[PDB]
Amino acid sequence: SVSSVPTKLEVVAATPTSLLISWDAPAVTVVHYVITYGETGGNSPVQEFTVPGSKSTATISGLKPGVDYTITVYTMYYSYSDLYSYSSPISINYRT
Amino acid sequence: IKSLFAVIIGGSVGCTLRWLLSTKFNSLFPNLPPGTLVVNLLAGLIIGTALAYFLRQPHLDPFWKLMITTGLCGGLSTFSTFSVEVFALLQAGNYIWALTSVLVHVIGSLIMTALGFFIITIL
Ligand SMILES: CCCCCCCCCCO[C@@H]1O[C@H](CO)[C@@H](O[C@H]2O[C@H](CO)[C@@H](O)[C@H](O)[C@H]2O)[C@H](O)[C@H]1O
Ligand SMILES: [F-]
Ligand SMILES: [F-]
Ligand code: NA
């Protein structure tokens, strides 16, 4: 009934080696967000970290300059029917 | 046992009502899920009216009393869904709404029990 996926994922600020991203929270109790990032340009390992549910921004560091990254966010959220479960992801591309 | 049937029939009706109201309405306001709140408030109201009504009608078959209280009100209300909702809010860092949920469920349910009792007592 209610989407648990964040919306309007975007890069709000950037340096050659880092990205400040933000999104709009979904209308559910988010316990934490999981942020993934990896080079868009072949088999290169995707990395992940968590951000608390009250935050709707995150910094990604230690990137390489001039490289395309695929960045995704999904939620670990509480709901009545599923208790703690994971949403689908929202995804963007950004070139440092 | 006849008593067991009262518990199961009343319980099953209450549990079913809670399930329907919770699935339909909880996601409308996730900071204080209103389906879980409404069934606790309603069970509070019914047990209040039962409190007053059974006092004035002492020869009511223990079957109907057991079906209404242990069965319906017991199946309808929940402390466990209430708790996990609060626990989730606490894990999400949402302290203000965790506290608010506890106050609204507890103070609210006591008020409904009082209303149910005093409405019937004032008839
Ligand atoms: C009177 C009440 C009865 C007792 C029951 C208490 C309930 C249990 C505590 C809730 O669980 C913790 O909540 C933290 C607070 O939300 C979470 O921290 C998360 O969120 C914090 C808030 O920013 C971050 O600082 C942490 O690093 C991050 O792990 C943490 O993971 C989680 O295990
Ligand atoms: F109650
Ligand atoms: F709650
Ligand atoms: Na119950």
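Computation of the quantities below employed the complete heavy-atom set of this structure, encompassing side-chain atoms and omitting hydrogens, waters and symmetry-equivalent molecules. So you know, we letter chains A, B, ... as the sequences are listed, proteins then strands, and number each from 1.
Side chain to side chain, B/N31 and B/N94 meet the donor-acceptor criterion of an N or O pair below 3.5 Å. With 3.5 Å as the limit, one finds no donor-acceptor pair spanning the side chains of B/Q91 and A/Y78. Donor-acceptor pairing under 3.5 Å is lacking for the side chains of B/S109 and B/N40.
Environment of CG in A/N93: crowded, with over 12 heavy atoms of neighbouring residues, nucleotides or ligands closer than 6.0 Å. Under a cut-off of 6.0 angstrom, the local environment of CZ in B/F25 is sparse, with at most 12 non-hydrogen atoms contributed by other residues, nucleotides or ligands. Counted within 6.0 Å of CZ on B/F118, heavy atoms from surrounding residues, nucleotides or ligands total 12 or fewer; the atom is thus considered open. The local environment of OH in A/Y86 is sparse, with at most 12 non-hydrogen atoms from other residues, nucleotides or ligands closer than 6.0 Å. Within a 6.0 Å radius of CZ in B/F5, no more than 12 heavy atoms belonging to other residues, nucleotides or ligands are found.
In this structure a side-chain-to-backbone donor-acceptor pair under 3.5 Å is missing from A/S91 to A/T72. Without hydrogens or angle criteria, A/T75 side chain to A/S4 main chain gives a donor-acceptor distance under 3.5 Å.
Put simply, B/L37 and B/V106 are part of two different groups of oily side chains (I, L, V, M, F, W, Y) that touch within less than 4.5 Å, one to the next. In terms of hydrophobic clustering, with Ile, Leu, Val, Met, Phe, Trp and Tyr side chains grouped at heavy-atom distances under 4.5 Å, A/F49 and A/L9 are assigned to a common cluster. Taking hydrophobic clusters as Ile, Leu, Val, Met, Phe, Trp and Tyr residues chained together by side-chain heavy-atom distances below 4.5 Å, B/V38 does not share a cluster with B/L32. No chain of hydrophobic side-chain contacts below 4.5 Å, direct or via other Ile, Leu, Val, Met, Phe, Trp or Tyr residues, connects A/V34 to A/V51. Connection of A/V73 to A/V28 is established within a shared hydrophobic cluster, with ILVMFWY side chains joined at heavy-atom distances below 4.5 Å, either directly or through further cluster members.
Closest of all the heavy-atom pairs between A/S61 and A/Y37 is O-OH, 4.2 Å. In this structure, A/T96 and A/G66 approach most closely via the heavy-atom pair OG1-N, 3.1 Å. The two residues A/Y33 and A/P26 come nearest to each other via the heavy atoms OH-CD, 3.6 Å. The minimum heavy-atom distance between A/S44 and A/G38, with the atom names listed, is OG-C, 4.3 Å. Of all heavy-atom pairs between B/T23 and A/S81, the closest is CG2-OG, 4.0 Å. Minimum heavy-atom separation, A/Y94 to A/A14: OH-CB, 3.8 Å.
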Using side-chain contact (heavy atoms from CB on, under 4.5 Å), reason through B/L45 and B/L41 one step at a time and then give a plain yes or no. CA-CA 6 Å; B/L45 181 69; B/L41 297 191; over 6 Å; no
Evaluate side-chain contact (heavy atoms from CB on, under 4.5 Å) for A/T57 paired with A/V12, printing each intermediate quantity in order. CA-CA 9 Å; A/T57 68; A/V12 172; over 6 Å; no
Set out, in order, the CA-CA distance, both residues' side-chain angles and the distance that settles side-chain contact (heavy atoms from CB on, under 4.5 Å) for B/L66 and B/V7, then state yes or no. CA-CA 6 Å; B/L66 188 62; B/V7 172; 4.0 Å; yes
Using the side-chain contact (heavy atoms from CB on, under 4.5 Å) rule, take B/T100 and B/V104 through it: C-alpha gap first, then chi angles, then the decisive distance, then the call. CA-CA 6 Å; B/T100 298; B/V104 172; 4.1 Å; yes
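From B/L42, atom CG reaches atom CZ of B/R18 across 12.5 Å, with rounding to the nearest 0.5 Å. Note that CE of B/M67 and CG of B/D61 are 9.5 Å apart. Values are rounded to the nearest 0.5 Å. Rounding to the nearest 0.5 Å places OG1 of B/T49 at 5.5 Å from CD1 of B/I120. Interatomic distance, CD1 of A/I90 versus OG1 of A/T7, reported as 6.0 Å (0.5 Å rounding). Between atom CG of residue A/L19 and atom CZ of residue A/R95 there is a gap of 12.5 Å, rounded to the nearest 0.5 Å. Separation of atoms OG1 (A/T29) and CE (A/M76) is listed at 11.0 Å; rounding is to 0.5 Å.
Remark: B/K2 is positioned above the aromatic ring of B/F63, its terminal NZ or CZ atom under 6.0 angstrom from the ring centre and at most 45 degrees off the axis.
With contacts defined as side-chain heavy-atom distances shorter than 4.5 Å, the pair A/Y69/A/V67 qualifies.
For A/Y80 and B/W19, the ring centers are positioned 6.0 Å apart or more.
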Donor-acceptor contacts, no H, no angles, side chain residues 68-86 of chain B, under 3.5 Å, sequence neighbours left out:
from, atom 1, to, atom 2, distance (Å)
B/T69, OG1, B/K65, O, 2.8
B/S77, OG, B/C73, O, 3.0
B/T78, OG1, B/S80, N, 3.3
B/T78, OG1, B/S80, OG, 3.0
B/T78, OG1, B/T81, N, 3.1
B/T78, OG1, B/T81, OG1, 3.3
B/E85, OE2, B/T36, OG1, 2.8

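Just one residue in the list A/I35, A/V5, A/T36 forms a side chain to side chain contact (heavy atoms under 4.5 Å, CB included) with A/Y74, and that residue is A/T36.
Each side chain to side chain donor-acceptor pair (under 3.5 Å) pair with one or both residues in residues 15-24 of chain A, not counting sequence neighbours, appears once here: A/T15-A/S18.
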